[PDB]
>>> print(open('query39.txt').read())   # compact mmCIF, C-alpha atoms
# COMPACT_ATOMS: atom_id res chain seq x y z
CA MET A 1 -85.03 -43.77 41.45
CA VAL A 2 -85.18 -42.34 37.93
CA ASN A 3 -81.89 -41.39 36.18
CA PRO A 4 -81.11 -37.62 35.55
CA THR A 5 -81.69 -36.02 32.18
CA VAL A 6 -79.67 -33.17 30.70
CA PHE A 7 -79.91 -31.18 27.52
CA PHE A 8 -77.60 -29.36 25.20
CA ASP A 9 -78.76 -26.76 22.69
CA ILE A 10 -76.40 -26.94 19.78
CA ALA A 11 -75.58 -24.05 17.42
CA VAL A 12 -73.61 -24.18 14.14
CA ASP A 13 -71.85 -20.77 13.67
CA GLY A 14 -74.26 -19.01 15.94
CA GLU A 15 -77.34 -20.50 14.22
CA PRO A 16 -79.51 -22.84 16.41
CA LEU A 17 -79.44 -26.41 15.08
CA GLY A 18 -81.41 -28.21 17.73
CA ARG A 19 -81.46 -29.90 21.04
CA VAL A 20 -79.86 -33.20 22.22
CA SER A 21 -80.99 -34.76 25.53
CA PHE A 22 -79.22 -37.44 27.54
CA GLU A 23 -80.02 -39.96 30.20
CA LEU A 24 -77.20 -40.29 32.73
CA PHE A 25 -76.68 -43.65 34.40
CA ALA A 26 -76.36 -42.35 37.90
CA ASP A 27 -77.57 -45.85 39.01
CA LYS A 28 -74.51 -47.59 37.47
CA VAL A 29 -71.78 -44.89 37.27
CA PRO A 30 -72.93 -42.47 39.96
CA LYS A 31 -69.77 -40.36 40.27
CA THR A 32 -69.12 -40.02 36.49
CA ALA A 33 -72.78 -39.13 35.89
CA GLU A 34 -72.82 -36.46 38.63
CA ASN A 35 -69.76 -34.79 37.14
CA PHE A 36 -71.44 -34.46 33.71
CA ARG A 37 -74.71 -33.32 35.22
CA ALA A 38 -73.08 -30.70 37.44
CA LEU A 39 -71.02 -29.51 34.51
CA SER A 40 -74.22 -29.19 32.43
CA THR A 41 -76.16 -27.12 35.06
CA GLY A 42 -73.07 -25.03 35.81
CA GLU A 43 -73.99 -25.36 39.50
CA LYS A 44 -70.32 -25.49 40.72
CA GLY A 45 -69.42 -22.15 39.08
CA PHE A 46 -68.22 -23.59 35.69
CA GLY A 47 -69.36 -26.06 33.02
CA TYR A 48 -70.17 -26.77 29.42
CA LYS A 49 -72.42 -23.79 28.63
CA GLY A 50 -70.67 -21.99 25.73
CA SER A 51 -68.10 -24.67 24.99
CA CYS A 52 -67.55 -26.33 21.63
CA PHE A 53 -67.45 -29.75 19.98
CA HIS A 54 -63.94 -29.52 18.86
CA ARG A 55 -63.46 -32.90 17.22
CA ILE A 56 -66.10 -34.64 15.15
CA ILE A 57 -65.45 -37.72 12.99
CA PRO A 58 -68.22 -38.98 10.67
CA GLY A 59 -69.35 -42.49 11.43
CA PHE A 60 -67.24 -42.45 14.55
CA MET A 61 -68.07 -39.89 17.29
CA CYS A 62 -68.55 -36.31 18.39
CA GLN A 63 -66.24 -35.03 21.20
CA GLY A 64 -66.66 -31.87 23.34
CA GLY A 65 -66.34 -30.81 27.02
CA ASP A 66 -63.07 -28.97 26.85
CA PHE A 67 -64.45 -25.77 28.25
CA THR A 68 -61.09 -24.34 29.45
CA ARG A 69 -59.01 -24.69 26.28
CA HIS A 70 -61.57 -25.43 23.58
CA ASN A 71 -59.44 -27.88 21.61
CA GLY A 72 -58.91 -31.16 23.60
CA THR A 73 -55.98 -30.17 25.87
CA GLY A 74 -58.09 -28.85 28.82
CA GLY A 75 -61.16 -29.42 30.99
CA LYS A 76 -61.69 -30.33 34.60
CA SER A 77 -64.02 -32.33 36.73
CA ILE A 78 -66.06 -31.10 39.65
CA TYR A 79 -63.71 -33.28 41.74
CA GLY A 80 -60.67 -31.27 40.96
CA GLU A 81 -58.21 -32.19 38.29
CA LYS A 82 -58.97 -35.62 36.92
CA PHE A 83 -60.73 -38.62 38.34
CA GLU A 84 -60.56 -42.34 38.08
CA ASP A 85 -62.16 -44.72 35.62
CA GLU A 86 -65.20 -45.78 37.75
CA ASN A 87 -66.13 -49.07 35.93
CA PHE A 88 -66.50 -50.59 32.50
CA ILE A 89 -69.90 -52.17 33.22
CA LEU A 90 -71.55 -50.34 30.37
CA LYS A 91 -70.36 -51.01 26.85
CA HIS A 92 -70.14 -49.10 23.64
CA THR A 93 -73.19 -50.78 22.22
CA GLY A 94 -74.03 -48.33 19.50
CA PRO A 95 -74.91 -44.84 18.40
CA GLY A 96 -75.92 -42.38 21.09
CA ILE A 97 -73.64 -43.78 23.68
CA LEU A 98 -72.02 -41.11 25.86
CA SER A 99 -68.52 -41.89 27.16
CA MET A 100 -65.71 -40.09 28.95
CA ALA A 101 -62.70 -39.09 26.82
CA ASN A 102 -59.44 -39.45 28.58
CA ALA A 103 -55.73 -39.11 28.38
CA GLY A 104 -54.85 -42.33 30.11
CA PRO A 105 -56.03 -44.62 32.90
CA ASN A 106 -58.01 -42.72 35.49
CA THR A 107 -57.62 -39.33 33.78
CA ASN A 108 -61.28 -38.41 33.47
CA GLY A 109 -61.98 -34.69 33.31
CA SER A 110 -64.78 -32.82 31.63
CA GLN A 111 -64.26 -34.20 28.16
CA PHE A 112 -66.77 -36.67 26.64
CA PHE A 113 -67.86 -38.16 23.36
CA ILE A 114 -71.02 -39.31 21.78
CA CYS A 115 -70.87 -42.34 19.53
CA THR A 116 -72.31 -42.28 16.08
CA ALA A 117 -71.72 -46.02 15.60
CA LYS A 118 -70.89 -49.09 17.68
CA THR A 119 -67.37 -48.57 19.09
CA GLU A 120 -66.60 -51.89 20.85
CA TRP A 121 -62.79 -51.45 20.81
CA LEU A 122 -63.29 -48.83 23.39
CA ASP A 123 -65.14 -51.14 25.77
CA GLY A 124 -62.99 -51.21 28.92
CA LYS A 125 -60.89 -48.08 28.00
CA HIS A 126 -63.55 -45.34 28.24
CA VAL A 127 -66.19 -45.12 30.92
CA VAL A 128 -69.70 -45.17 29.36
CA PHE A 129 -72.03 -43.14 31.54
CA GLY A 130 -75.09 -42.18 29.54
CA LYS A 131 -76.91 -42.21 26.26
CA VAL A 132 -78.73 -39.93 23.91
CA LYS A 133 -82.46 -39.99 24.72
CA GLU A 134 -83.82 -37.33 22.31
CA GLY A 135 -82.24 -35.59 19.37
CA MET A 136 -80.04 -38.34 17.98
CA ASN A 137 -80.98 -36.80 14.63
CA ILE A 138 -79.23 -33.56 15.86
CA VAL A 139 -76.00 -35.50 16.59
CA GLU A 140 -76.33 -36.89 13.11
CA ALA A 141 -76.63 -33.29 11.88
CA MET A 142 -73.50 -32.29 13.87
CA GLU A 143 -71.74 -35.24 12.42
CA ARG A 144 -71.79 -33.85 8.84
CA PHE A 145 -69.67 -30.88 10.04
CA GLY A 146 -66.75 -33.14 10.99
CA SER A 147 -64.16 -34.73 8.75
CA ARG A 148 -61.78 -37.64 8.73
CA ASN A 149 -59.32 -35.78 11.11
CA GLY A 150 -62.03 -34.34 13.30
CA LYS A 151 -61.54 -30.69 12.49
CA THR A 152 -64.98 -29.27 11.99
CA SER A 153 -65.99 -27.37 8.88
CA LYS A 154 -68.12 -25.01 11.06
CA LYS A 155 -68.09 -24.06 14.73
CA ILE A 156 -70.35 -26.32 16.83
CA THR A 157 -71.23 -25.02 20.28
CA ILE A 158 -73.33 -25.82 23.27
CA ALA A 159 -75.37 -22.61 23.25
CA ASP A 160 -77.12 -23.64 26.45
CA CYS A 161 -77.39 -26.67 28.69
CA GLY A 162 -78.99 -27.77 31.84
CA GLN A 163 -81.08 -30.36 33.55
CA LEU A 164 -84.54 -31.35 32.25
CA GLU A 165 -86.48 -31.02 35.51
>>> encode(input="query39.txt", output="structure tokens")
Amino acid sequence: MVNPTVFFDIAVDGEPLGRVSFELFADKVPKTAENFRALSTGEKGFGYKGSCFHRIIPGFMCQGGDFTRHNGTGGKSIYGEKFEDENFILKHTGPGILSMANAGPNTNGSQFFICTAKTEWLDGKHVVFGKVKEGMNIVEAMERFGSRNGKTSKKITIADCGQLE
């Protein structure tokens, strides 16, 4: 069975930048993948549509998914509060990897990050659950609006998102 695809349309201060699409490894992290997918379609009554990438660090990663507080301190899963770290089967192999952000062990919410480089020190600490499929060049574009402390020089938002088919 083929893995789900989702898309984000990214804007930079209201201006469309482009689209990023992701394959979600429902086959290897089924629960973590379904959370991100459901959050992307908004099908549970809430989700990523309209939220921001609040922390972007060049040559490191782009983090977003805090749709309730817009700065890293909020978010929630479709399972309630927070959910457990499902496995560390997939590794931070390189750029385009999509991984759950977390507060501690088994504190997975709605927050996620997209690698812009290999991030092996996170192998075993963050649950990898997908990868960029199209538009890695758009993440690279996003990346130039970050800084060493992550604060972004312009506002980066998910203008729209959903499931491709």
>>> closest_residue(input="query39.txt", among="A:42, A:75, A:50, A:150", to="residue 163 in chain A", atoms="all atoms listed in the file")
A:42
>>> residues_around(input="query39.txt", residues="residue 159 in chain A", least_positions_apart="4", cutoff="9 Å", atoms="all atoms listed in the file", output="number ranges by chain")
A: 8-11, 14, 16, 49-52
>>> atom_distance(input="query39.txt", atom1="CA of residue 81 in chain A", atom2="CA of residue 130 in chain A")
21.5 Å
>>> closest_atom_pairs(input="query39.txt", of="range 91-165 of chain A", to="range 19-22 of chain A", cutoff="9 Å", atoms="all atoms listed in the file", output="tab-separated table")
residue	atom	partner	partner_atom	distance
A:96	CA	A:22	CA	8.8
A:98	CA	A:22	CA	8.3
A:130	CA	A:22	CA	6.6
A:131	CA	A:22	CA	5.5
A:132	CA	A:22	CA	4.4
A:133	CA	A:22	CA	5.0
A:134	CA	A:21	CA	5.0
A:135	CA	A:20	CA	4.4
A:136	CA	A:20	CA	6.7
A:137	CA	A:20	CA	8.5
A:138	CA	A:20	CA	6.4
A:139	CA	A:20	CA	7.2
A:164	CA	A:21	CA	8.3
>>> atom_distance(input="query39.txt", atom1="CA of residue 165 in chain A", atom2="CA of residue 109 in chain A")
24.9 Å
>>> atom_distance(input="query39.txt", atom1="CA of residue 53 in chain A", atom2="CA of residue 125 in chain A")
21.1 Å
>>> residues_around(input="query39.txt", residues="residue 102 in chain A", least_positions_apart="3", cutoff="9 Å", atoms="all atoms listed in the file", output="PyMOL selection string")
chain A and resi 105-109+111-112+125-126
>>> residues_around(input="query39.txt", residues="residue 93 in chain A", least_positions_apart="4", cutoff="8 Å", atoms="only C-alpha atoms", output="MDAnalysis selection string")
chainID A and resid 97 118:120
>>> residues_around(input="query39.txt", residues="residue 87 in chain A", least_positions_apart="5", cutoff="12 Å", atoms="only C-alpha atoms", output="list in words")
residues 25, 28, 29, 30, 31, 32, 33, 99, 100, 105, 106, 108, 123, 124, 125, 126, 127, 128 and 129 of chain A
>>> residues_around(input="query39.txt", residues="residue 27 in chain A", least_positions_apart="5", cutoff="9 Å", atoms="all atoms listed in the file", output="list in words")
residues 1, 2, 3 and 33 of chain A
>>> axis_aligned_box(input="query39.txt", around="range 108-126 of chain A", padding_each_side="5 Å", output="JSON")
{"center_x": -66.6, "center_y": -42.4, "center_z": 24.5, "size_x": 21.4, "size_y": 29.1, "size_z": 27.9}
>>> residues_near_point(input="query39.txt", point="(-69.8, -34.8, 39.2)", cutoff="10 Å", atoms="all atoms listed in the file", output="list in words")
residues 30, 31, 32, 33, 34, 35, 36, 37, 38, 39, 40, 44, 77, 78, 79, 80, 83, 109 and 110 of chain A
>>> closest_residue(input="query39.txt", among="A:68, A:152, A:157, A:116", to="residue 140 in chain A", atoms="only C-alpha atoms")
A:116
>>> decode(input="query39.txt", residues="range 77-97 of chain A", atoms="N, CA and C atoms", output="CSV table (one decimal), in the first residue's frame")
chain,number,residue,atom,x,y,z
A,77,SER,N,-1.7,16.9,19.4
A,77,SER,CA,-1.9,15.8,18.5
A,77,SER,C,-3.4,15.6,18.2
A,78,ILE,N,-3.7,14.7,17.4
A,78,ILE,CA,-5.1,14.3,17.2
A,78,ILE,C,-5.5,13.2,18.2
A,79,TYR,N,-4.5,12.8,19.0
A,79,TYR,CA,-4.7,11.8,20.1
A,79,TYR,C,-4.9,12.4,21.4
A,80,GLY,N,-5.0,13.7,21.5
A,80,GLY,CA,-5.1,14.4,22.7
A,80,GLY,C,-4.1,15.4,23.0
A,81,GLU,N,-3.3,15.2,24.1
A,81,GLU,CA,-2.3,16.1,24.5
A,81,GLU,C,-1.0,15.9,23.7
A,82,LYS,N,-0.3,14.9,24.1
A,82,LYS,CA,1.0,14.4,23.6
A,82,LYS,C,1.0,12.9,23.5
A,83,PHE,N,1.8,12.4,22.6
A,83,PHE,CA,1.9,11.0,22.4
A,83,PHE,C,3.3,10.5,22.4
A,84,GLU,N,3.4,9.2,22.6
A,84,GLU,CA,4.7,8.5,22.7
A,84,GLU,C,5.6,8.5,21.5
A,85,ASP,N,6.9,8.4,21.8
A,85,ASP,CA,7.9,8.2,20.7
A,85,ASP,C,7.7,6.8,20.1
A,86,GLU,N,7.2,6.6,18.9
A,86,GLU,CA,6.7,5.3,18.4
A,86,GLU,C,7.8,4.3,18.0
A,87,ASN,N,8.9,4.8,17.4
A,87,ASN,CA,10.2,4.0,17.2
A,87,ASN,C,11.2,5.0,16.7
A,88,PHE,N,12.5,4.5,16.7
A,88,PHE,CA,13.6,5.2,16.1
A,88,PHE,C,14.2,4.4,14.9
A,89,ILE,N,13.3,3.7,14.2
A,89,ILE,CA,13.7,2.9,13.1
A,89,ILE,C,14.3,3.8,12.0
A,90,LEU,N,13.6,4.8,11.7
A,90,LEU,CA,14.2,5.7,10.7
A,90,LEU,C,15.2,6.7,11.3
A,91,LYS,N,16.2,7.1,10.5
A,91,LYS,CA,17.3,7.9,11.0
A,91,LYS,C,17.2,9.2,10.3
A,92,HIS,N,17.9,10.1,10.9
A,92,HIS,CA,18.2,11.4,10.3
A,92,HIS,C,19.3,11.4,9.3
A,93,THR,N,19.0,10.8,8.1
A,93,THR,CA,20.0,10.5,7.1
A,93,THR,C,20.4,11.7,6.3
A,94,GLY,N,19.6,12.8,6.3
A,94,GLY,CA,20.0,13.9,5.5
A,94,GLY,C,18.9,15.0,5.3
A,95,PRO,N,19.2,15.9,4.4
A,95,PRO,CA,18.2,16.9,4.1
A,95,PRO,C,16.8,16.5,3.6
A,96,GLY,N,15.8,17.0,4.1
A,96,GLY,CA,14.4,16.7,3.7
A,96,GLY,C,13.8,15.7,4.7
A,97,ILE,N,14.5,15.3,5.6
A,97,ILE,CA,13.9,14.4,6.6
A,97,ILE,C,13.0,15.2,7.5
